[PDB]
Amino acid sequence: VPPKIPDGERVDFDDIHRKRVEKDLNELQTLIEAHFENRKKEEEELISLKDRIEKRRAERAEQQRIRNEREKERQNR
Amino acid sequence: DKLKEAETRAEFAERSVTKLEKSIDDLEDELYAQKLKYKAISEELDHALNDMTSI
Amino acid sequence: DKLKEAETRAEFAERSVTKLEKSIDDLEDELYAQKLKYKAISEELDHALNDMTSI
(Lines give C-alpha, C1' and ligand atoms only; values in the text may rest on other atoms or scores of the structure.)
Protein backbone atom coordinates (compact mmCIF):
# COMPACT_ATOMS: atom_id res chain seq x y z
CA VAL A 1 0.00 0.00 0.00
CA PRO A 2 1.04 3.61 -0.44
CA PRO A 3 1.93 5.55 2.73
CA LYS A 4 -1.42 5.49 4.51
CA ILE A 5 -1.45 8.81 6.35
CA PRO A 6 -2.65 8.08 9.91
CA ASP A 7 -5.82 9.82 11.06
CA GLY A 8 -5.05 13.06 12.88
CA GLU A 9 -6.87 16.38 13.08
CA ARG A 10 -5.02 19.34 11.57
CA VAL A 11 -3.36 21.91 10.60
CA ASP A 12 -1.69 24.00 7.90
CA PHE A 13 -1.36 27.46 6.32
CA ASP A 14 -0.95 29.18 9.68
CA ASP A 15 2.73 28.25 9.77
CA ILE A 16 3.48 30.07 6.52
CA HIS A 17 1.92 33.28 7.83
CA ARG A 18 3.79 32.90 11.11
CA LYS A 19 7.06 32.41 9.24
CA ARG A 20 6.48 35.47 7.07
CA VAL A 21 5.53 37.82 9.92
CA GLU A 22 8.95 37.68 11.59
CA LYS A 23 11.02 37.84 8.41
CA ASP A 24 9.18 40.69 6.71
CA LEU A 25 9.39 43.15 9.61
CA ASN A 26 11.74 42.22 12.45
CA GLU A 27 14.42 40.80 10.17
CA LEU A 28 14.16 43.89 7.98
CA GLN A 29 14.62 46.20 10.97
CA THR A 30 17.54 44.26 12.43
CA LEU A 31 19.23 43.91 9.03
CA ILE A 32 19.00 47.60 8.16
CA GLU A 33 20.21 48.50 11.65
CA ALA A 34 23.14 46.10 11.25
CA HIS A 35 24.01 47.82 7.97
CA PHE A 36 23.82 51.23 9.61
CA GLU A 37 25.92 50.26 12.62
CA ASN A 38 28.56 48.59 10.44
CA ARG A 39 28.82 51.64 8.19
CA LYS A 40 29.06 54.04 11.11
CA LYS A 41 31.64 51.95 12.96
CA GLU A 42 33.91 51.21 10.03
CA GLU A 43 33.93 53.98 7.45
CA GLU A 44 34.38 57.10 9.56
CA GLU A 45 36.81 55.63 12.08
CA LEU A 46 39.05 54.08 9.44
CA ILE A 47 39.06 57.13 7.14
CA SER A 48 39.97 59.31 10.13
CA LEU A 49 42.68 56.80 11.06
CA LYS A 50 44.04 56.79 7.51
CA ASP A 51 44.17 60.57 7.29
CA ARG A 52 46.02 60.38 10.61
CA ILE A 53 48.35 57.94 8.84
CA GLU A 54 48.77 60.41 5.98
CA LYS A 55 49.76 63.26 8.29
CA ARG A 56 52.12 61.02 10.28
CA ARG A 57 53.82 59.82 7.10
CA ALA A 58 54.10 63.45 6.02
CA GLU A 59 55.91 64.18 9.28
CA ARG A 60 58.20 61.16 8.97
CA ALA A 61 58.94 61.80 5.28
CA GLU A 62 59.85 65.44 5.93
CA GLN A 63 62.02 64.32 8.85
CA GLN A 64 63.74 61.92 6.46
CA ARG A 65 64.20 64.76 3.97
CA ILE A 66 66.03 66.64 6.72
CA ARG A 67 68.04 63.49 7.46
CA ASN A 68 68.97 63.26 3.78
CA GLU A 69 70.00 66.93 3.76
CA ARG A 70 72.22 66.52 6.83
CA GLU A 71 73.60 63.24 5.48
CA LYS A 72 74.53 64.92 2.20
CA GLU A 73 76.14 67.78 4.08
CA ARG A 74 78.16 65.42 6.31
CA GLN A 75 78.95 63.13 3.35
CA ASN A 76 79.54 65.45 0.38
CA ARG A 77 82.59 67.09 1.92
CA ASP B 1 89.76 43.37 4.63
CA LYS B 2 86.12 44.40 4.92
CA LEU B 3 86.55 48.14 4.33
CA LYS B 4 85.57 48.48 0.66
CA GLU B 5 83.20 45.51 0.72
CA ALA B 6 81.15 46.85 3.63
CA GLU B 7 81.23 50.31 2.05
CA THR B 8 79.62 48.80 -1.05
CA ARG B 9 77.24 46.98 1.28
CA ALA B 10 76.03 50.25 2.80
CA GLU B 11 75.99 51.97 -0.60
CA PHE B 12 73.66 49.35 -2.04
CA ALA B 13 71.57 48.94 1.12
CA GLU B 14 70.69 52.51 2.06
CA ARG B 15 69.19 53.42 -1.32
CA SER B 16 66.72 50.53 -1.01
CA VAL B 17 64.98 52.15 1.97
CA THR B 18 64.39 55.31 -0.08
CA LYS B 19 63.18 53.16 -2.97
CA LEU B 20 60.60 51.61 -0.64
CA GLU B 21 59.62 54.94 0.94
CA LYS B 22 58.06 56.48 -2.17
CA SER B 23 56.25 53.23 -2.95
CA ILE B 24 54.83 53.13 0.58
CA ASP B 25 53.63 56.72 0.22
CA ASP B 26 52.00 56.10 -3.16
CA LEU B 27 50.27 52.91 -2.03
CA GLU B 28 49.08 54.45 1.25
CA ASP B 29 47.57 57.37 -0.66
CA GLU B 30 45.94 54.94 -3.08
CA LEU B 31 44.45 52.90 -0.22
CA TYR B 32 43.24 56.03 1.58
CA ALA B 33 41.68 57.46 -1.59
CA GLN B 34 39.94 54.18 -2.39
CA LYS B 35 38.57 53.97 1.15
CA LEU B 36 37.33 57.53 0.68
CA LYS B 37 35.64 56.44 -2.56
CA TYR B 38 33.89 53.56 -0.82
CA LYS B 39 32.75 55.69 2.11
CA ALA B 40 31.46 58.42 -0.21
CA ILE B 41 29.42 55.92 -2.22
CA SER B 42 28.30 54.16 0.96
CA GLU B 43 27.03 57.15 2.93
CA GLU B 44 24.40 58.10 0.34
CA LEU B 45 23.08 54.54 0.17
CA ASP B 46 22.97 54.10 3.96
CA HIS B 47 21.17 57.43 4.29
CA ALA B 48 18.58 56.38 1.70
CA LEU B 49 18.24 53.14 3.68
CA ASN B 50 17.60 55.12 6.85
CA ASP B 51 14.93 56.94 4.85
CA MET B 52 13.74 53.53 3.60
CA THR B 53 13.29 52.18 7.15
CA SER B 54 9.50 52.04 7.66
CA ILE B 55 8.98 55.08 5.39
CA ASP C 1 89.01 52.21 12.67
CA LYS C 2 87.22 52.77 9.36
CA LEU C 3 85.09 49.61 9.60
CA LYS C 4 82.72 50.68 12.37
CA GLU C 5 81.10 53.73 10.75
CA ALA C 6 80.16 51.37 7.91
CA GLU C 7 79.03 48.45 10.09
CA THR C 8 76.73 50.71 12.10
CA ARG C 9 74.86 52.01 9.04
CA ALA C 10 74.92 48.54 7.47
CA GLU C 11 73.04 47.10 10.45
CA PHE C 12 70.85 50.21 10.55
CA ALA C 13 69.75 49.29 7.03
CA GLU C 14 68.68 45.66 7.55
CA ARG C 15 65.92 46.10 10.12
CA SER C 16 64.64 49.23 8.37
CA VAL C 17 64.44 47.33 5.07
CA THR C 18 62.58 44.45 6.70
CA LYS C 19 60.14 46.81 8.44
CA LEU C 20 59.49 48.74 5.22
CA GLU C 21 58.85 45.51 3.33
CA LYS C 22 56.45 44.32 6.04
CA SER C 23 54.60 47.65 6.08
CA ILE C 24 54.22 47.84 2.30
CA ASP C 25 53.08 44.21 2.14
CA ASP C 26 50.46 44.69 4.85
CA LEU C 27 49.24 47.94 3.29
CA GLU C 28 48.91 46.21 -0.08
CA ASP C 29 46.94 43.41 1.58
CA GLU C 30 44.56 45.93 3.14
CA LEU C 31 44.24 47.65 -0.23
CA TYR C 32 43.26 44.41 -1.97
CA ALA C 33 40.75 43.58 0.75
CA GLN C 34 39.16 47.02 0.36
CA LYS C 35 39.10 46.57 -3.42
CA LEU C 36 37.22 43.29 -3.04
CA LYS C 37 34.79 44.92 -0.60
CA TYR C 38 34.15 47.81 -3.02
CA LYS C 39 33.56 45.42 -5.91
CA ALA C 40 31.16 43.48 -3.67
CA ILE C 41 29.18 46.65 -2.92
CA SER C 42 28.96 47.37 -6.64
CA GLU C 43 27.84 43.77 -7.15
CA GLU C 44 25.06 44.09 -4.58
CA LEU C 45 23.76 47.32 -6.10
CA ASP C 46 23.92 45.99 -9.65
CA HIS C 47 22.27 42.71 -8.67
CA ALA C 48 19.41 44.65 -7.11
CA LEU C 49 19.07 46.78 -10.25
CA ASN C 50 19.21 43.69 -12.50
CA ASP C 51 16.74 41.63 -10.47
CA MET C 52 14.09 44.32 -10.02
CA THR C 53 14.44 46.16 -13.38
CA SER C 54 10.65 46.63 -13.16
CA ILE C 55 8.56 43.49 -12.72
# chains A, B, ... in the order shown; residues from 1 in each chain; ligands from 1
call {"tool": "interface_residues", "arguments": {"of": "chain A", "to": "chain B", "cutoff": "10 Å", "atoms": "only C-alpha atoms", "output": "VMD selection string"}}
result
chain A and resid 25 28 to 29 32 to 33 35 to 37 39 to 40 42 to 44 46 to 51 53 to 54 57 to 58 61 64 68
call {"tool": "calpha_fit_rmsd", "arguments": {"fixed": "chain C", "moving": "chain B"}}
result
1.8 Å
call {"tool": "select_by_dssp", "arguments": {"residues": "chain A", "states": "helix (DSSP H, G or I)", "output": "PyMOL selection string"}}
result
chain A and resi 14-75
call {"tool": "interface_residues", "arguments": {"of": "chain C", "to": "chain B", "cutoff": "8 Å", "atoms": "only C-alpha atoms", "output": "PDB file with N, CA, C and O atoms, in the first residue's frame"}}
result
ATOM      1  N   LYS C   2      88.158  52.365  10.399  1.00  0.00           N
ATOM      2  CA  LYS C   2      87.220  52.769   9.359  1.00  0.00           C
ATOM      3  C   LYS C   2      86.065  51.795   9.176  1.00  0.00           C
ATOM      4  O   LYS C   2      85.133  52.104   8.426  1.00  0.00           O
ATOM      5  N   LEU C   3      86.098  50.638   9.836  1.00  0.00           N
ATOM      6  CA  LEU C   3      85.086  49.610   9.598  1.00  0.00           C
ATOM      7  C   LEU C   3      83.779  49.923  10.321  1.00  0.00           C
ATOM      8  O   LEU C   3      82.694  49.545   9.862  1.00  0.00           O
ATOM      9  N   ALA C   6      80.862  52.122   8.938  1.00  0.00           N
ATOM     10  CA  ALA C   6      80.162  51.368   7.910  1.00  0.00           C
ATOM     11  C   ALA C   6      79.296  50.261   8.487  1.00  0.00           C
ATOM     12  O   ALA C   6      78.163  50.074   8.038  1.00  0.00           O
ATOM     13  N   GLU C   7      79.809  49.528   9.479  1.00  0.00           N
ATOM     14  CA  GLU C   7      79.034  48.451  10.089  1.00  0.00           C
ATOM     15  C   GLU C   7      77.774  48.983  10.759  1.00  0.00           C
ATOM     16  O   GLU C   7      76.708  48.362  10.682  1.00  0.00           O
ATOM     17  N   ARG C   9      75.898  51.712  10.025  1.00  0.00           N
ATOM     18  CA  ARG C   9      74.860  52.006   9.040  1.00  0.00           C
ATOM     19  C   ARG C   9      74.393  50.740   8.335  1.00  0.00           C
ATOM     20  O   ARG C   9      73.213  50.616   7.986  1.00  0.00           O
ATOM     21  N   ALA C  10      75.299  49.783   8.124  1.00  0.00           N
ATOM     22  CA  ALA C  10      74.917  48.536   7.473  1.00  0.00           C
ATOM     23  C   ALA C  10      73.856  47.809   8.283  1.00  0.00           C
ATOM     24  O   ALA C  10      72.861  47.325   7.733  1.00  0.00           O
ATOM     25  N   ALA C  13      70.523  49.505   8.244  1.00  0.00           N
ATOM     26  CA  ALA C  13      69.751  49.292   7.029  1.00  0.00           C
ATOM     27  C   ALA C  13      68.886  48.036   7.069  1.00  0.00           C
ATOM     28  O   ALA C  13      67.780  48.055   6.522  1.00  0.00           O
ATOM     29  N   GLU C  14      69.358  46.949   7.689  1.00  0.00           N
ATOM     30  CA  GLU C  14      68.685  45.656   7.551  1.00  0.00           C
ATOM     31  C   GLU C  14      67.293  45.669   8.172  1.00  0.00           C
ATOM     32  O   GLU C  14      66.300  45.310   7.523  1.00  0.00           O
ATOM     33  N   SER C  16      65.480  48.254   9.055  1.00  0.00           N
ATOM     34  CA  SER C  16      64.644  49.233   8.372  1.00  0.00           C
ATOM     35  C   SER C  16      64.077  48.658   7.080  1.00  0.00           C
ATOM     36  O   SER C  16      62.899  48.853   6.768  1.00  0.00           O
ATOM     37  N   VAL C  17      64.906  47.941   6.317  1.00  0.00           N
ATOM     38  CA  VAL C  17      64.445  47.334   5.071  1.00  0.00           C
ATOM     39  C   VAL C  17      63.359  46.306   5.355  1.00  0.00           C
ATOM     40  O   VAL C  17      62.322  46.265   4.680  1.00  0.00           O
ATOM     41  N   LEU C  20      60.132  48.121   6.376  1.00  0.00           N
ATOM     42  CA  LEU C  20      59.490  48.745   5.224  1.00  0.00           C
ATOM     43  C   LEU C  20      58.804  47.708   4.348  1.00  0.00           C
ATOM     44  O   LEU C  20      57.682  47.930   3.874  1.00  0.00           O
ATOM     45  N   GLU C  21      59.464  46.572   4.116  1.00  0.00           N
ATOM     46  CA  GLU C  21      58.849  45.507   3.331  1.00  0.00           C
ATOM     47  C   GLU C  21      57.578  45.000   4.002  1.00  0.00           C
ATOM     48  O   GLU C  21      56.550  44.807   3.345  1.00  0.00           O
ATOM     49  N   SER C  23      55.630  46.616   6.123  1.00  0.00           N
ATOM     50  CA  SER C  23      54.603  47.651   6.081  1.00  0.00           C
ATOM     51  C   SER C  23      53.959  47.733   4.706  1.00  0.00           C
ATOM     52  O   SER C  23      52.732  47.807   4.587  1.00  0.00           O
ATOM     53  N   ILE C  24      54.775  47.725   3.648  1.00  0.00           N
ATOM     54  CA  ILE C  24      54.218  47.842   2.304  1.00  0.00           C
ATOM     55  C   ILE C  24      53.394  46.608   1.962  1.00  0.00           C
ATOM     56  O   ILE C  24      52.329  46.712   1.343  1.00  0.00           O
ATOM     57  N   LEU C  27      50.065  46.895   3.884  1.00  0.00           N
ATOM     58  CA  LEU C  27      49.238  47.935   3.288  1.00  0.00           C
ATOM     59  C   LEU C  27      48.639  47.462   1.973  1.00  0.00           C
ATOM     60  O   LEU C  27      47.466  47.722   1.680  1.00  0.00           O
ATOM     61  N   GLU C  28      49.431  46.760   1.163  1.00  0.00           N
ATOM     62  CA  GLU C  28      48.912  46.206  -0.081  1.00  0.00           C
ATOM     63  C   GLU C  28      47.804  45.196   0.186  1.00  0.00           C
ATOM     64  O   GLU C  28      46.799  45.157  -0.535  1.00  0.00           O
ATOM     65  N   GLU C  30      45.742  45.154   2.784  1.00  0.00           N
ATOM     66  CA  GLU C  30      44.557  45.928   3.140  1.00  0.00           C
ATOM     67  C   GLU C  30      43.921  46.536   1.901  1.00  0.00           C
ATOM     68  O   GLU C  30      42.691  46.568   1.773  1.00  0.00           O
ATOM     69  N   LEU C  31      44.751  47.032   0.982  1.00  0.00           N
ATOM     70  CA  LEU C  31      44.241  47.649  -0.235  1.00  0.00           C
ATOM     71  C   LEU C  31      43.441  46.645  -1.053  1.00  0.00           C
ATOM     72  O   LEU C  31      42.350  46.953  -1.541  1.00  0.00           O
ATOM     73  N   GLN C  34      40.098  45.929   0.594  1.00  0.00           N
ATOM     74  CA  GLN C  34      39.156  47.019   0.363  1.00  0.00           C
ATOM     75  C   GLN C  34      38.651  47.008  -1.075  1.00  0.00           C
ATOM     76  O   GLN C  34      37.484  47.312  -1.335  1.00  0.00           O
ATOM     77  N   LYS C  35      39.526  46.673  -2.027  1.00  0.00           N
ATOM     78  CA  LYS C  35      39.097  46.574  -3.418  1.00  0.00           C
ATOM     79  C   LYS C  35      38.018  45.516  -3.584  1.00  0.00           C
ATOM     80  O   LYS C  35      37.012  45.740  -4.270  1.00  0.00           O
ATOM     81  N   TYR C  38      34.765  46.821  -2.135  1.00  0.00           N
ATOM     82  CA  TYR C  38      34.146  47.808  -3.019  1.00  0.00           C
ATOM     83  C   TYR C  38      33.471  47.136  -4.204  1.00  0.00           C
ATOM     84  O   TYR C  38      32.342  47.488  -4.579  1.00  0.00           O
TER      85      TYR C  38
END
call {"tool": "atom_distance", "arguments": {"atom1": "atom CA of residue 71 of chain A", "atom2": "atom CA of residue 19 of chain B"}}
result
16.8 Å
